[PDB]
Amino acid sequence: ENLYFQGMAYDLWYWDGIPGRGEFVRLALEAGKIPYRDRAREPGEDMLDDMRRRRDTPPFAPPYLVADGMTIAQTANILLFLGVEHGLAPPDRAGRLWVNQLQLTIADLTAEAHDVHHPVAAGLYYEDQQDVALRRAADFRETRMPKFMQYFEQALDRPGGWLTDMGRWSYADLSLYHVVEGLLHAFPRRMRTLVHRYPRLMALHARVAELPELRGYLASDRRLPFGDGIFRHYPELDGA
């Protein structure tokens, strides 16, 4: 590597090994063609030591992005920055606030997808909370997934095939693609039932998958598969 334009590179800090929350940021950086370093994936990485450093603006948890001497944490907050700085969101306030709330709603769904298998405690193993997971999964499948998906289906009721009227994808379109990917992995049977209800959502999902901007990244070693992150396939939690 070591080519000139990488002097502008942002530092992204998020766990190696799973897509996780970091994936929402990474999708925007890749599609936006914004130079960055995936610091925790580098051989001599020390995210432990980096995150405990004295900062004026300390991250509570990953992901965080270091840009212009700023340390920016919270997935939606990092993307808000990229939206304004790199044009991944509308130019006007109304548009940016719309994209921000969409991203926050996507983050809500994403958290629910994690909490389905960790309903008692993020810090306890799934195995010790499986009985609770079975109960929470029934609600998540029966009420939560349709509610969120109907909402995004209605958000997409506009000319041009994106979440906004900006005439191109926003970072929220990328994030919506990703949460659908996550749900397809974690709940394949339930999605099989539900996808027919949401043709605009599934057209959006398909359209992002085929973006020229993302072709390279999605086929690359930088795109990690799902596993034991947010979106986990436990067949006992799935259902028609």
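Residue numbers run from 1 along the displayed sequence.
According to the PDB record, 117-125 carries the higher mean C-alpha B-factor of the two stretches 117-125 and 72-80. The question of which stretch, 165-173 or 93-101, has the higher mean Cα B factor is settled in favour of 165-173.
Remark: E30 belongs to the lowest third of its chain, ranked by C-alpha B-factor as recorded. When the CA B factors of the chain's modelled residues are split into thirds, the value for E112 lands in the lowest one. Among the modelled residues of its chain, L237 has a C-alpha B-factor that falls in the lowest third according to the deposited record. In the PDB entry, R190 places in the lowest third of its chain by CA B-factor.
Among all modelled residues in its chain, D157 ranks in the highest third by Cα B-factor.
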